[PDB]
Amino acid sequence: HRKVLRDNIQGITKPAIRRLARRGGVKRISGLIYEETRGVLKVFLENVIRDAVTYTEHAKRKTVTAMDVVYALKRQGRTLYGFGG
Amino acid sequence: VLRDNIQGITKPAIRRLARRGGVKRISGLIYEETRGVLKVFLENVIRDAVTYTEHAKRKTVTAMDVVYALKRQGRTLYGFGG
Amino acid sequence: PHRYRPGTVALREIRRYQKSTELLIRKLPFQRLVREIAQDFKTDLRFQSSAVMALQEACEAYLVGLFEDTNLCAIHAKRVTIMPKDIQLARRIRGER
Amino acid sequence: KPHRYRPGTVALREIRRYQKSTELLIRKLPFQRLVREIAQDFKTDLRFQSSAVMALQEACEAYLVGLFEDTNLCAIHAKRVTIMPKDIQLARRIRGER
Amino acid sequence: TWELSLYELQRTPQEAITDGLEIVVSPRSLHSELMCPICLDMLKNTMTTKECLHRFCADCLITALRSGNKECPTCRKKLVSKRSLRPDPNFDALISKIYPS
Amino acid sequence: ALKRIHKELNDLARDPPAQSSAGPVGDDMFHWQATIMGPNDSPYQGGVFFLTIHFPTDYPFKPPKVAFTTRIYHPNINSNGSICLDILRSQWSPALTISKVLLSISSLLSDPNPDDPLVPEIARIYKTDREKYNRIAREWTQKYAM
Amino acid sequence: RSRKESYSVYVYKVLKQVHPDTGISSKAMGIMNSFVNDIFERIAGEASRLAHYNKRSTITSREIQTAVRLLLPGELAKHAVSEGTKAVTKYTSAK
Amino acid sequence: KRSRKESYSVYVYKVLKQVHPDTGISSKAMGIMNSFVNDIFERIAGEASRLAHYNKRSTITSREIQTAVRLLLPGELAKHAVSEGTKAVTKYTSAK
Amino acid sequence: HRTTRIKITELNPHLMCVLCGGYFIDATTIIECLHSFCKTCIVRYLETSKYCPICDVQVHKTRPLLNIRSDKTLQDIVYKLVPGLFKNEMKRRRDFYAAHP
Amino acid sequence: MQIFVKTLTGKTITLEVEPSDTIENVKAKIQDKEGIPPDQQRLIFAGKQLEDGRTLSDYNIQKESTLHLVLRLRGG
Amino acid sequence: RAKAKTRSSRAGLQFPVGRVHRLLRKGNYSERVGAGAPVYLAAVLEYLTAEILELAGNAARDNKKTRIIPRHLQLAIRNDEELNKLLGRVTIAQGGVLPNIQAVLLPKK
Amino acid sequence: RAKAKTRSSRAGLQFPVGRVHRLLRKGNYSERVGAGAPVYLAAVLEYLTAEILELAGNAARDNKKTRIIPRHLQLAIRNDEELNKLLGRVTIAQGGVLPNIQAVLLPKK
DNA sequence: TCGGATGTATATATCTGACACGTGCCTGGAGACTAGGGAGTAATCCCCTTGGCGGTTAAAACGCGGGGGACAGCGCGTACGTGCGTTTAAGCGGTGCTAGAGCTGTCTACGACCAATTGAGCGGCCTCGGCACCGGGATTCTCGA
DNA sequence: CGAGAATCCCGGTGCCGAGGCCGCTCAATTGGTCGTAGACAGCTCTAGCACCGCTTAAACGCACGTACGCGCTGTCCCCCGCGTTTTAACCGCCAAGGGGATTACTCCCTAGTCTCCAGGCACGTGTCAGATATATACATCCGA
Ligand SMILES: [Zn+2]
Ligand SMILES: [Zn+2]
Ligand SMILES: [Zn+2]
Ligand SMILES: [Zn+2]
């Protein structure tokens with residue numbers, strides 16, 4: 001009974017990107033970065049959620065479990081430690 | 001015992017490898033750097049390729065042992081087997 | 001009445017978040033990203049609570065991994081500010097773009 | 001008074017020359033002496049099939065051409081034309097090798 | 001968006017014409033539709049783009065992609081290869097019925 | 001690269017484009033000539049300028065070479081004759097005809113692109129002055145073209 | 001002695017459908033043999049993981065659809081799923 | 001009926017009490033230590049299976065796990081794990 | 001040719017819908033299978049299914065409106081080959097707003 | 001009214017532009033439909049270009065006419 | 001008997017369904033292999049070699065040759081965005097490099 | 001019988017030789033598994049967890065704590081050059097980042 | 001703004017060796033059959049995912065000011081490119097030797113498979129101590145002067 | 001060289017998650033048999049190594065000059081820091097029900113076996129595609 005979820009990428013706020021940059025050790029951040037790191041999160045998240053949903057489509061589940069994200073990320077060479085497997 | 005064969009990768013050979021990379025100008029300190037990079041690359045591939053011959057109890061290094069050592073490092077060759 | 005120089009509070013925030021291990025991105029507006037992107041692959045997907053938390057800890061760990069590699073592009077271009085030029089080298093040398 | 005190209009035109013002529021051809025660019029006998037130096041540290045009196053050294057020429061030269069494509073991008077990003085050993089180290093670190 | 005307005009929701013189908021009526025077709029009228037814009041000739045073995053829906057010949061797009069940049073040559077959009085194209089056999093029979101042979 | 005050229009001559013004889021004309025020099029179907037009638041909003045009244053069109057023999061999949069035989073003072077145009085367009089150099093498609101190229105050259109004479117010149121000292125006084133080149137384009141086109 | 005199996009017979013049969021006038025040198029048949037051998041191990045490698053993830057001991061065509069959907073990018077996956085199911089539905093009719 | 005999920009949690013406490021007998025591990029860092037062990041089965045037994053296919057054999061022996069360790073583990077992790085793996089196998093030629 | 005006159009009887013089924021059985025008005029095609037229907041046919045029909053009504057190829061996994069794009073060239077074949085639909089569409093439309101401002 | 005818009009390579013646009021509107025208002029409607037900025041646009045009627053301050057009523061531009069678009073790429 | 005036909009002709013294929021089935025058995029992927037599983041692989045492996053030999057055979061006609069050379073295999077692969085995503089960590093022996101000179105290096109006008 | 005001892009006590013180990021042997025059987029690696037093969041894995045898997053819990057337990061004493069937290073697992077791993085080579089494509093959940101500020105960003109003297 | 005110099009594509013003839021086709025043989029795939037268990041299906045439990053309120057307050061958003069840093073311009077100088085002439089050694093091709101790869105055959109020790117047994121390890125339950133949080137005061141950079 | 005946020009250090013309260021205990025089933029161990037994988041030994045012969053001589057392609061060294069790297073300067077835009085106001089995350093609570101696990105039963109599908117024969121492999125052979133050499137004509141660079 002969805003309608004549509006509308007935008008939700010603006011919820012990656014500019015102070016949240018400045019916190020992620022300062023674990024990267026960044027002093028100064030130009031204003032054009034925030035529009036592009038939202039577009040790089042799209043490409044991270046679209047690639048993982050493609051694979052994680054095709055692990056649930058064919059286990060014949062309707063919930064995306066925590067292991068289906070772990071196998072979707074291991075398939076891309078980015079393994080998680082601390083969620084099973 | 002062979003010695004001093006890294007210098008047989010000459011200066012004009014690195015400039016040919018740079019000009020498939022698309023490089024116009026090359027500073028003079030690069031030829032010592034790229035010889036040190038072939039050392040690290042070949043030492044990693046030959047080390048794995050020899051441990052495939054050591055496991056097979058074999059004294060020649062075959063072409064597949066290079067191909068399996070390269071496939072293991074994420075650099076698969078096409079053309080020499082497999 | 002009292003101002004720090006620009007760049008000294010920025011160095012404090014580098015030392016705060018390189019000590020902490022908390023999630024820097026929020027949690028409710030990022031279930032909404034996960035559930036928009038998954039709208040294109042199945043309808044009415046449920047999510048385990050630990051499935052969305054595995055996606056935040058993956059997405060934050062690989063954006064922090066970018067910004068470590070876009071410092072190096074900014075510093076080797078002899079800058080301090082990161083430009084969006086620097087994300088584009090880091091994602092091209094890695095093999096992503 | 002004799003003929004003399006400006007610096008940069010023969011270099012662009014060689015970029016079009018080698019990006020069109022597919023042969024190997026390192027001489028084949030001084031490359032075998034490397035492979036038989038480096039393998040002495042792992043066994044003694046090893047032999048090599050003739051296609052095992054040629055598999056290492058195809059792999060090494062594809063590795064170095066792939067580096068110089070990335071050290072261009074690190075030199076053009078710093079508003080230069082020369083690649084420098086700064087640029088090799090910066091491309092090799094973002095790849096995850098140093 | 002694909003939101004229907006008021007007239008779309010309350011419209012009727014316009015029926016066929018089954019009485020025998022000749023169509024005086026003129027070739028000065030159907031230029032921008034049945035002609036390939038690459039070879040400037042009639043469309044044969046038509047391949048339409050997905051994102052743009054523009055019709056070419058099969059041997060004109062595949063030559064235009066490998067001997068040029070990867071765009072639709074009438075939209076500057078993004079094509080990738082020949083598999084981002086679909087053949088339309090329901091368009092090929094328009095030429096074989098209007099213009100045989 | 002032979003059959004499509006026959007139908008461009010049908011596209012130029014049935015409906016020839018405005019302020020334009022084109023055609024082959026002779027037996028060679030790869031070396032063409034063309035003329036340009038000057039527009040009236042431009043400082044190029046009393047137009048006629050001749051052209052040479054060369055086909056790369058993989059036409060229409062390589063951009064043709066179109067150059068000037070007459071001298072024109074204009075910031076995106078060499079003293080040798082090569083035209084600085086983004087059409088014929090970078091952004092080209094097989095769906096473009098020469099009759100669409102000539103309308104892109106005719107529109108250069110009214111308003112140029114003053115951000116990427118060929119002789120860069122010419123385009124400097126366009127950006128600051130406007131009364132000079134209104135006379136200069138009317139002096140140097142009544143001599144070498146009229 | 002000691003006959004060795006490759007995919008060279010079948011790459012010529014796919015040439016003679018696609019381009020019935022061209023051929024392949026021997027150095028590029030050795031590359032086409034290693035396309036096919038190294039995409040078995042991709043597809044059959046991930047089809048075997050899907051059987052272990054779902055605690056099953058058979059690899060069926062359902063687990064090779066999804067290995068194709070995981071591995072092949074974009075529209076390679078759409079055309080290979082559609083032309084892998086057209087072979088299974090043509091196989092099971094002609095038995 | 002909960003299926004009795006197996007883990008390596010019992011064996012990571014027994015290696016703590018040899019190494020640091022006065023420290024413990026939180027439950028979130030036990031799930032990380034359970035992920036090290038499971039993802040190094042997959043690496044070592046993955047390459048030990050390939051060494052049997054490459055050499056046309058149907059057994060994975062201790063020879064194929066020595067060389068899988070030598071391929072995977074870098075530098076001095078490989079030397080100390082080969083020696084401490086052969087010290088455990090030679091406690092069978094003396095203890096059967 | 002020069003004239004190539006034709007009947008409507010051989011040009012019907014390339015101008016006919018299936019969901020209404022009439023001529024195409026605001027024709028949209030599915031990206032995957034390239035079967036065309038009216039805008040007031042597919043937008044109603046893909047509220048219920050995810051499949052083409054001709055060949056049952058799945059339009060999209062979740063929302064089938066993404067793989068629908070309107071084909072301008074197939075309309076312009078319908079208005080030109082059929083005598084007087086561009087008027088008769090507007091005359092039906094202008095008479096609608098004459099009662100519904 | 002419905003005025004067709006030709007390009008150099010063959011994009012066709014249906015614009016609903018009244019003849020009372022200025023030529024700059026025609027440029028601003030191609031903003032909202034295809035993203036093209038007006039500062040790159042050229043517009044040609046049979047040899048004569050369009051000035052900015054005029055309208056579409058000066059050239060007797062009737063129903064179902066054709067435009068032309070030439071892109072002024074500022075920098076090349 | 002009844003004149004043994006093949007499995008790959010029953011599938012309408014040319015890649016061998018019989019070899020694929022025993023390379024899935026011998027090769028330690030699962031305990032069992034379904035009957036429609038080698039039919040699915042042999043169809044996917046045809047129409048990935050067919051999609052390369054289309055593009056490689058077209059690149060051989062541009063160089064006016066009637067044999068596919070490993071130059072034409074990289075001109076086929078590195079000009080698709082989708083055959084680059086399969087084969088991005090793959091070097092083709094004697095395949096060379098796509099000609100790409102960057103615009104900063106070209107001489108000024 | 002003779003009072004079943006274990007295999008992992010005969011090897012002088014604590015990681016289970018009995019589980020490793022049936023995860024090598026069930027798991028489709030080879031047809032057969034040798035008898036000294038799970039003894040070799042269970043010894044390698046001890047002395048890679050022992051070498052992490054040494055270094056993680058030392059990082060817990062520097063923060064004056066008596067429990068290993070996943071902060072201390074990344075301080076153990078990302079400070080070795082050899083545990084970074086195993087675990088370079090591995091993110092540890094809630095592990096954080098090593099504190100490294102580069103010298104260009106620090107204020108001038 | 002141009003003609004000489006150099007490099008390029010283009011055409012033609014000759015020649016060789018690698019591709020493509022053919023043949024004979026054998027071993028791997030197909031046909032036919034049987035048996036057993038993997039998976040599909042139905043029913044049922046109960047966990048955990050969604051959904052919705054309401055109060056709180058951390059965190060985002062906005063706006064303003066000013067200083068630091070990006071960026072362009074400019075001048076100096078040295079290091080890299082081009083090129084000629086001389087030196088080196090790669091490449092070829094030829095001959096000769098033998099190590100070692102690859103195969104065959106015989107035979108035994110090793111591992112699967114089985115049945116019975118029993119204790120290690122899982123899940124549930126309980127509790128106390130490590131660690132988080134609060135709060136007060138030491139105290140350490142930071143910055144104006 | 002003092003003022004003022006900010007960072008550490010310390011002593012105290014309080015709770016919840018780690019660590020231990022226990023009942024118990026299921027998985028590992030013991031003991032035994034059996035067929036085959038692999039170890040071993042002998043032998044064939046391919047191919048890897050070593051040497052030689054000659055031709056000449058390519059590396060090396062040197063000189064000269066241009067143009068690019070780099071330091072310096074100045075101007076200005078645009079980030080940072082901060083204070084104020086506004087948004088909605090977060091927390092706790094409650095409630096409903098989809099769907100994930102789990103069981104039990106049954107039957108279709110896959111392994112296994114035996115036999116039969118044809119597809120594919122090795123080996124051989126002849127012709128043509130491609131490589132090389134020559135001789136053009138034309139394109140392109142650059143000092144005057
Ligand atoms: Zn288009
Ligand atoms: Zn065409
Ligand atoms: Zn309709
Ligand atoms: Zn359809």
# chains A, B, ... in the order shown; residues from 1 in each chain; ligands from 1
$ residues_near_ligand --ligand "ligand 2" --cutoff "6 Å" --atoms "only C-alpha atoms (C1' of nucleotides) and all ligand atoms" --output "count of residues only"
6
$ residues_near_ligand --ligand "ligand 1" --cutoff "9 Å" --atoms "only C-alpha atoms (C1' of nucleotides) and all ligand atoms" --output "list in words"
residues 48, 49, 50, 51, 52, 53, 54, 55, 71, 72, 73, 74, 75, 76, 77, 78 and 79 of chain E; 10 and 11 of chain J
$ residues_near_ligand --ligand "ligand 3" --cutoff "6 Å" --atoms "only C-alpha atoms (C1' of nucleotides) and all ligand atoms" --output "list in words"
residues 17, 20, 22, 24, 37, 38 and 41 of chain I
$ write_last_selection --atoms "N, CA, C and O atoms" --output "compact mmCIF listing (two decimals), in the first residue's frame"
# COMPACT_ATOMS: atom_id res chain seq x y z
N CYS I 17 -5.22 -0.13 -32.21
CA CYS I 17 -4.91 -0.64 -30.89
C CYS I 17 -5.55 -2.01 -30.69
O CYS I 17 -6.30 -2.51 -31.54
N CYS I 20 -8.36 -0.91 -27.17
CA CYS I 20 -9.59 -0.26 -27.59
C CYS I 20 -10.11 -0.72 -28.94
O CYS I 20 -11.32 -0.72 -29.14
N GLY I 22 -9.11 0.78 -31.96
CA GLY I 22 -9.28 2.01 -32.70
C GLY I 22 -7.93 2.60 -33.08
O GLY I 22 -6.90 1.98 -32.82
N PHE I 24 -4.54 4.99 -33.11
CA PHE I 24 -3.66 5.48 -32.06
C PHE I 24 -3.86 6.97 -31.84
O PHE I 24 -3.77 7.76 -32.79
N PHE I 37 0.43 1.46 -27.92
CA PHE I 37 -0.98 1.65 -27.60
C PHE I 37 -1.19 3.13 -27.29
O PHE I 37 -0.23 3.90 -27.21
N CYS I 38 -2.44 3.51 -27.07
CA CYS I 38 -2.75 4.88 -26.69
C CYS I 38 -2.31 5.16 -25.26
O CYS I 38 -2.04 4.25 -24.48
N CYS I 41 -4.83 3.93 -22.82
CA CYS I 41 -4.92 2.48 -22.78
C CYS I 41 -3.91 1.88 -21.82
O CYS I 41 -4.28 1.12 -20.93
$ residues_around --residues "residue 125 (chain F)" --least-positions-apart "3" --cutoff "12 Å" --atoms "only C-alpha atoms (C1' of nucleotides)" --output "ChimeraX atom specification"
/F:74-75,114,120-122,128-134,136
$ write_last_selection --atoms "N, CA and C atoms" --output "short mmCIF file (atom, residue, chain, number, x, y, z; two decimals), in the first residue's frame"
data_model
loop_
_atom_site.label_atom_id
_atom_site.label_comp_id
_atom_site.auth_asym_id
_atom_site.auth_seq_id
_atom_site.Cartn_x
_atom_site.Cartn_y
_atom_site.Cartn_z
N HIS F 74 37.16 37.69 -38.17
CA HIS F 74 36.15 37.07 -37.33
C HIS F 74 36.93 36.24 -36.32
N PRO F 75 36.55 36.25 -35.03
CA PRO F 75 37.49 35.77 -34.00
C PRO F 75 37.68 34.27 -33.97
N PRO F 114 32.80 34.05 -28.67
CA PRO F 114 34.05 34.78 -28.40
C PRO F 114 34.86 34.22 -27.24
N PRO F 120 43.89 34.79 -30.85
CA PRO F 120 43.25 35.29 -29.62
C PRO F 120 43.36 36.79 -29.42
N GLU F 121 44.25 37.47 -30.14
CA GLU F 121 44.35 38.92 -30.05
C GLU F 121 43.19 39.63 -30.74
N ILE F 122 42.48 38.95 -31.64
CA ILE F 122 41.33 39.56 -32.30
C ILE F 122 40.14 39.63 -31.35
N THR F 128 35.62 44.22 -25.13
CA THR F 128 35.64 45.56 -24.54
C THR F 128 34.99 46.61 -25.42
N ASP F 129 35.21 46.55 -26.73
CA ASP F 129 34.68 47.53 -27.67
C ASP F 129 33.62 46.89 -28.56
N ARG F 130 32.78 47.74 -29.14
CA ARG F 130 31.78 47.30 -30.11
C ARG F 130 31.75 48.14 -31.38
N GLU F 131 32.29 49.36 -31.36
CA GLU F 131 32.23 50.25 -32.50
C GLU F 131 33.36 50.04 -33.50
N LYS F 132 34.41 49.32 -33.11
CA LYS F 132 35.56 49.13 -33.99
C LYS F 132 35.27 48.10 -35.07
N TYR F 133 34.95 46.87 -34.66
CA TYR F 133 34.74 45.76 -35.59
C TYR F 133 33.47 45.90 -36.42
N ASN F 134 32.57 46.81 -36.06
CA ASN F 134 31.45 47.12 -36.95
C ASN F 134 31.93 47.80 -38.23
N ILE F 136 35.41 47.46 -39.18
CA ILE F 136 36.48 46.60 -39.69
C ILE F 136 35.91 45.46 -40.52
#
$ select_by_dssp --residues "chain A" --states "strand (DSSP E)" --output "list in words"
residues 28, 29, 63, 64, 79, 80 and 81 of chain A
$ write_last_selection --atoms "C-alpha atoms" --output "compact mmCIF listing (two decimals), in the first residue's frame"
# COMPACT_ATOMS: atom_id res chain seq x y z
CA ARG A 28 38.15 22.55 4.00
CA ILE A 29 35.24 21.41 1.88
CA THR A 63 12.37 -9.36 4.03
CA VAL A 64 15.88 -8.26 3.16
CA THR A 79 33.26 -7.63 3.30
CA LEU A 80 31.45 -6.83 6.54
CA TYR A 81 32.53 -8.35 9.85
$ interface_residues --of "chain F" --to "chain J" --cutoff "12 Å" --atoms "only C-alpha atoms" --output "ChimeraX atom specification"
/F:15-20,36-42,76,84-118
$ select_by_dssp --residues "chain I" --states "alpha helix (DSSP H)" --output "PyMOL selection string"
chain I and resi 39-45+72-81+86-97
$ write_last_selection --atoms "N, CA, C and O atoms" --output "mmCIF file, in the first residue's frame"
data_model
loop_
_atom_site.group_PDB
_atom_site.id
_atom_site.type_symbol
_atom_site.label_atom_id
_atom_site.label_comp_id
_atom_site.auth_asym_id
_atom_site.auth_seq_id
_atom_site.Cartn_x
_atom_site.Cartn_y
_atom_site.Cartn_z
ATOM 1 N N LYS I 39 -2.239 6.448 -24.927
ATOM 2 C CA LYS I 39 -1.897 6.848 -23.570
ATOM 3 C C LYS I 39 -3.008 6.500 -22.591
ATOM 4 O O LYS I 39 -2.735 6.124 -21.450
ATOM 5 N N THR I 40 -4.261 6.577 -23.021
ATOM 6 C CA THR I 40 -5.386 6.218 -22.173
ATOM 7 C C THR I 40 -5.675 4.725 -22.180
ATOM 8 O O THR I 40 -6.677 4.296 -21.602
ATOM 9 N N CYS I 41 -4.829 3.929 -22.823
ATOM 10 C CA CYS I 41 -4.919 2.482 -22.780
ATOM 11 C C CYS I 41 -3.906 1.879 -21.824
ATOM 12 O O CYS I 41 -4.277 1.119 -20.931
ATOM 13 N N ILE I 42 -2.630 2.233 -21.980
ATOM 14 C CA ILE I 42 -1.561 1.624 -21.197
ATOM 15 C C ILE I 42 -1.558 2.134 -19.760
ATOM 16 O O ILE I 42 -1.350 1.358 -18.818
ATOM 17 N N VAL I 43 -1.817 3.431 -19.565
ATOM 18 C CA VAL I 43 -1.783 4.013 -18.224
ATOM 19 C C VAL I 43 -2.906 3.445 -17.362
ATOM 20 O O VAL I 43 -2.729 3.203 -16.162
ATOM 21 N N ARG I 44 -4.050 3.136 -17.976
ATOM 22 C CA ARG I 44 -5.081 2.399 -17.256
ATOM 23 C C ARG I 44 -4.697 0.937 -17.071
ATOM 24 O O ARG I 44 -4.922 0.366 -15.999
ATOM 25 N N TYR I 45 -4.115 0.315 -18.102
ATOM 26 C CA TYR I 45 -3.885 -1.127 -18.066
ATOM 27 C C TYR I 45 -2.761 -1.508 -17.115
ATOM 28 O O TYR I 45 -2.836 -2.553 -16.462
ATOM 29 N N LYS I 72 6.575 9.851 -30.816
ATOM 30 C CA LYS I 72 6.003 10.943 -31.593
ATOM 31 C C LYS I 72 5.874 10.580 -33.065
ATOM 32 O O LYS I 72 4.951 11.049 -33.737
ATOM 33 N N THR I 73 6.775 9.745 -33.582
ATOM 34 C CA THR I 73 6.752 9.426 -35.003
ATOM 35 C C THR I 73 5.614 8.496 -35.388
ATOM 36 O O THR I 73 5.207 8.496 -36.552
ATOM 37 N N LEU I 74 5.095 7.705 -34.454
ATOM 38 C CA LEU I 74 4.014 6.798 -34.813
ATOM 39 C C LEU I 74 2.675 7.518 -34.830
ATOM 40 O O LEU I 74 1.779 7.118 -35.572
ATOM 41 N N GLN I 75 2.530 8.579 -34.034
ATOM 42 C CA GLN I 75 1.371 9.455 -34.159
ATOM 43 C C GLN I 75 1.329 10.132 -35.517
ATOM 44 O O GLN I 75 0.274 10.200 -36.154
ATOM 45 N N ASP I 76 2.475 10.637 -35.974
ATOM 46 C CA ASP I 76 2.518 11.403 -37.206
ATOM 47 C C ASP I 76 2.308 10.536 -38.440
ATOM 48 O O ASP I 76 2.014 11.070 -39.513
ATOM 49 N N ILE I 77 2.456 9.222 -38.318
ATOM 50 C CA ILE I 77 2.010 8.330 -39.372
ATOM 51 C C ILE I 77 0.491 8.171 -39.317
ATOM 52 O O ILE I 77 -0.164 8.068 -40.361
ATOM 53 N N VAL I 78 -0.093 8.205 -38.118
ATOM 54 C CA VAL I 78 -1.532 8.006 -37.971
ATOM 55 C C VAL I 78 -2.304 9.237 -38.439
ATOM 56 O O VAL I 78 -3.339 9.116 -39.111
ATOM 57 N N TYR I 79 -1.812 10.438 -38.119
ATOM 58 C CA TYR I 79 -2.517 11.645 -38.549
ATOM 59 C C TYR I 79 -2.415 11.865 -40.053
ATOM 60 O O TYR I 79 -3.328 12.441 -40.653
ATOM 61 N N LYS I 80 -1.326 11.424 -40.679
ATOM 62 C CA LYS I 80 -1.147 11.665 -42.103
ATOM 63 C C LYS I 80 -1.818 10.621 -42.982
ATOM 64 O O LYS I 80 -2.352 10.973 -44.040
ATOM 65 N N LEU I 81 -1.818 9.352 -42.582
ATOM 66 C CA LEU I 81 -2.416 8.333 -43.434
ATOM 67 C C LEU I 81 -3.931 8.274 -43.324
ATOM 68 O O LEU I 81 -4.581 7.741 -44.230
ATOM 69 N N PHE I 86 -6.542 14.826 -36.867
ATOM 70 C CA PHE I 86 -6.037 15.940 -36.074
ATOM 71 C C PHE I 86 -7.121 16.975 -35.822
ATOM 72 O O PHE I 86 -7.111 17.641 -34.783
ATOM 73 N N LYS I 87 -8.065 17.119 -36.752
ATOM 74 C CA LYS I 87 -9.250 17.922 -36.480
ATOM 75 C C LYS I 87 -10.205 17.186 -35.550
ATOM 76 O O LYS I 87 -10.683 17.756 -34.563
ATOM 77 N N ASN I 88 -10.476 15.912 -35.844
ATOM 78 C CA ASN I 88 -11.513 15.161 -35.147
ATOM 79 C C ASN I 88 -11.123 14.836 -33.710
ATOM 80 O O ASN I 88 -12.007 14.631 -32.873
ATOM 81 N N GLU I 89 -9.827 14.782 -33.405
ATOM 82 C CA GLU I 89 -9.402 14.734 -32.014
ATOM 83 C C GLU I 89 -9.641 16.053 -31.293
ATOM 84 O O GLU I 89 -10.142 16.045 -30.163
ATOM 85 N N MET I 90 -9.311 17.181 -31.924
ATOM 86 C CA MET I 90 -9.530 18.494 -31.331
ATOM 87 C C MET I 90 -11.011 18.845 -31.241
ATOM 88 O O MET I 90 -11.437 19.477 -30.270
ATOM 89 N N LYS I 91 -11.803 18.447 -32.242
ATOM 90 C CA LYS I 91 -13.237 18.723 -32.212
ATOM 91 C C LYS I 91 -13.936 17.935 -31.113
ATOM 92 O O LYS I 91 -14.899 18.418 -30.508
ATOM 93 N N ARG I 92 -13.469 16.715 -30.843
ATOM 94 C CA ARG I 92 -13.976 15.978 -29.694
ATOM 95 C C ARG I 92 -13.477 16.592 -28.390
ATOM 96 O O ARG I 92 -14.189 16.573 -27.381
ATOM 97 N N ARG I 93 -12.278 17.174 -28.409
ATOM 98 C CA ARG I 93 -11.712 17.773 -27.206
ATOM 99 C C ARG I 93 -12.310 19.144 -26.918
ATOM 100 O O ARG I 93 -12.586 19.469 -25.761
ATOM 101 N N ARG I 94 -12.522 19.964 -27.955
ATOM 102 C CA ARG I 94 -13.101 21.288 -27.736
ATOM 103 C C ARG I 94 -14.569 21.209 -27.347
ATOM 104 O O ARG I 94 -15.048 22.054 -26.582
ATOM 105 N N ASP I 95 -15.296 20.207 -27.845
ATOM 106 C CA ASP I 95 -16.670 19.991 -27.407
ATOM 107 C C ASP I 95 -16.754 19.456 -25.983
ATOM 108 O O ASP I 95 -17.813 19.566 -25.357
ATOM 109 N N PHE I 96 -15.669 18.884 -25.459
ATOM 110 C CA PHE I 96 -15.649 18.444 -24.069
ATOM 111 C C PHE I 96 -15.544 19.627 -23.117
ATOM 112 O O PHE I 96 -16.294 19.714 -22.139
ATOM 113 N N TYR I 97 -14.621 20.550 -23.387
ATOM 114 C CA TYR I 97 -14.453 21.719 -22.534
ATOM 115 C C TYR I 97 -15.553 22.756 -22.717
ATOM 116 O O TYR I 97 -15.622 23.705 -21.930
#
$ residues_near_ligand --ligand "ligand 4" --cutoff "7 Å" --atoms "only C-alpha atoms (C1' of nucleotides) and all ligand atoms" --output "MDAnalysis selection string"
chainID I and resid 33:35 52:57
$ write_last_selection --atoms "C-alpha atoms" --output "PDB file, in the first residue's frame"
ATOM      1  CA  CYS I  33       8.855  -5.069 -26.502  1.00  0.00           C
ATOM      2  CA  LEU I  34       8.012  -1.993 -28.666  1.00  0.00           C
ATOM      3  CA  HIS I  35       4.281  -2.623 -28.831  1.00  0.00           C
ATOM      4  CA  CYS I  52       2.425  -6.203 -22.184  1.00  0.00           C
ATOM      5  CA  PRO I  53      -1.037  -7.280 -23.411  1.00  0.00           C
ATOM      6  CA  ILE I  54       0.427  -8.537 -26.715  1.00  0.00           C
ATOM      7  CA  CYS I  55       3.481 -10.638 -25.875  1.00  0.00           C
ATOM      8  CA  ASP I  56       3.465 -10.780 -22.015  1.00  0.00           C
ATOM      9  CA  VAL I  57       7.019  -9.476 -21.672  1.00  0.00           C
TER      10      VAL I  57
END
$ closest_atom_pairs --of "chain M" --to "chain B" --cutoff "10 Å" --atoms "only C-alpha atoms (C1' of nucleotides)" --output "JSON lines"
{"residue": "M:79", "atom": "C1'", "partner": "B:27", "partner_atom": "CA", "distance": 8.3}
{"residue": "M:80", "atom": "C1'", "partner": "B:27", "partner_atom": "CA", "distance": 7.1}
{"residue": "M:81", "atom": "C1'", "partner": "B:25", "partner_atom": "CA", "distance": 8.4}
{"residue": "M:99", "atom": "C1'", "partner": "B:59", "partner_atom": "CA", "distance": 9.8}
{"residue": "M:100", "atom": "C1'", "partner": "B:59", "partner_atom": "CA", "distance": 7.6}
{"residue": "M:101", "atom": "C1'", "partner": "B:58", "partner_atom": "CA", "distance": 8.3}
